[PDB]
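Quick one: experimental structure and sequence below.
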Amino acid sequence: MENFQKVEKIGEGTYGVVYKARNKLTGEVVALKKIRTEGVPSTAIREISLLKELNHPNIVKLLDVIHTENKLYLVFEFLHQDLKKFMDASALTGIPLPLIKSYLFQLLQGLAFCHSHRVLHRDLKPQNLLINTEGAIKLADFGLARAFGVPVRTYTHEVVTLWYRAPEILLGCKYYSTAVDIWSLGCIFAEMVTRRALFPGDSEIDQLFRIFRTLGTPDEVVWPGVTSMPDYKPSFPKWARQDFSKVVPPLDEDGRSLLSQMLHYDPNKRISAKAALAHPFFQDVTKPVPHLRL
Ligand SMILES: Nc1nc(Nc2ccc(S(N)(=O)=O)cc2)sc1C(=O)c1ccc(S(N)(=O)=O)cc1
């Protein structure tokens, strides 16, 4: 827009590019996402606009949604670093458990909030988690693709991560529940602990099979209805579940217990954000300040 001064290009999210920009008028620094054959996604646009009322300390504030010149601009409050960069920067030492615990706790508070408002994120991943120098972490760029959907790339060639995708989505569910967000966050929690992506699939089937190899191929006993899912194949290999102590060493038992509930196959058995906040893993949670290099 003419009212903004592009500072730098931040990310190449799907559907658009994200820029750091300054409001020529107010001088305020923001994150600006620019989106976009025709048709006018009036319905999608409505939904996106509803997100403006989402106000919570752990959700990135959406300041404005501007439709103009066959382009859609989303203006967000700016944060200085995402969790992906922080994890990469902390790869040699690892993130302190108290900090990991604080971030997980805050993100569950954020999800408990948006889920109570019937809002799903749908695409949680480290790049969509932003941190500041004060020790806060926030949920960014809600997808609610229940309106705009999802093609195959951003809009102009670029690989999309499947690493945090819930199994029900990979099996073609059609109707996601808030449980898909808990799954993605469990995957992120594991990654912060081990400093390695939990399920790094390079294709939908590889993603699904990496999940099966670790958690066991699901069946009707652990996930009623799984064999009737759209993309389920009786021909799927049958892997036995691995011992969990092998999955996230050296996470303590409270942590492993919580992770196991965030990773239940059955969406109905998977723990809710509200219940997770009450898990004993958070008994001694605090709010440490991270060492951020900006
Ligand atoms: N609010 C906000 N702030 C940001 N800043 C920032 C600063 C430094 C770094 S970094 N790689 O550590 O130097 C990364 C981000 S980004 C962002 C978003 O609201 C947003 C919008 C869209 C997407 S998406 N799904 O990728 O399109 C992701 C985040």
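Yep, it's here. Numbering: from 1, shown residues only.

Please, where are all the strands along the protein?
Here the chain has its strands, by DSSP state E, at 4-11, 16-23, 29-35, 62-68, 71-77, 81-82, 129-131, 137-139.

Need those strands in TSV (columns: mean neighbour count and distance to residue 235).
C-beta here means a position set from N, CA and C on the backbone, and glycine is covered the same way. Conversion of those to TSV gives the following (neighbours: other CB atoms under 10 Å; distance: least, CB to CB, whole Å):
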stretch	mean neighbour count	distance to residue 235
strand 4-11	14	38
strand 16-23	19	38
strand 29-35	20	39
strand 62-68	15	44
strand 71-77	19	42
strand 81-82	18	39
strand 129-131	24	37
strand 137-139	23	38
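
Just the closest residue of the protein to the ligand, please.
Taking CB to the nearest ligand atom as the measure, the chain has residue 13 as its residue closest to the ligand, at 1.6 Å.

That residue and residue 158: what is the separation?
9 Å (CB to CB, to the nearest Å).

neighbour-wise, which of these two wins?
Remark: of residue 13 and residue 158, residue 13 carries more neighbours, 19 against 12, as counted by other CB atoms under 10 Å.

Quick one: residues contacting the more buried one.
Residue 13 makes contacts with 33, 127, 141, 154, as judged by CB atoms under 8 Å, 6 or more residues apart in numbering.

quick one: which of those has the most company?
Neighbour count (other CB under 10 Å) singles out residue 141 as the most crowded of these, with 26 neighbours.

So it is in contact with residue 31, correct?
No - contact criterion CB atoms under 8 Å: residue 141 and residue 31 do not qualify, at 9.2 Å.

Common neighbours of those two, please.
With CB under 8 Å, 6+ apart as the test, residue 141 and residue 31 both reach 60, 76.

before we move on, back to that, any chance of the strands of the chain in CSV, with distance to residue 51 too?
Below are these laid out as CSV (distance: least, CB to CB, whole Å):
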stretch, distance to residue 51
strand 4-11, 18
strand 16-23, 15
strand 29-35, 12
strand 62-68, 5
strand 71-77, 9
strand 81-82, 19
strand 129-131, 16
strand 137-139, 11
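
Compile these into CSV and extend it with columns for distance to the ligand.
Rendered in CSV, the data for these read as follows (distance: least, CB to the nearest ligand atom, whole Å):
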stretch, distance to the ligand
strand 4-11, 4
strand 16-23, 4
strand 29-35, 3
strand 62-68, 8
strand 71-77, 4
strand 81-82, 4
strand 129-131, 5
strand 137-139, 8
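
who touches residue 183 in this structure?
Contacts for residue 183 were tallied using CB under 8 Å, 6+ apart; they are 164, 165, 166, 167, 262, 263, 270.

Then residue 74?
By CB under 8 Å, 6+ apart, the contact list for residue 74 reads 16, 32, 33, 35, 48, 62, 64, 65, 66.

now swap in residue 4 and tell me
When contacts are counted by CB under 8 Å, 6+ apart, residue 4 is found next to 21, 22, 23, 24, 30, 32.

quick revisit: for my notes, please list the contacts of residue 74 in JSON lines and give distance to residue 253 for each entry.
Formatted as JSON lines, those follow (distance: CB to CB, whole Å):
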{"residue": "16", "distance to residue 253": "42"}
{"residue": "32", "distance to residue 253": "44"}
{"residue": "33", "distance to residue 253": "41"}
{"residue": "35", "distance to residue 253": "45"}
{"residue": "48", "distance to residue 253": "42"}
{"residue": "62", "distance to residue 253": "39"}
{"residue": "64", "distance to residue 253": "46"}
{"residue": "65", "distance to residue 253": "45"}
{"residue": "66", "distance to residue 253": "49"}
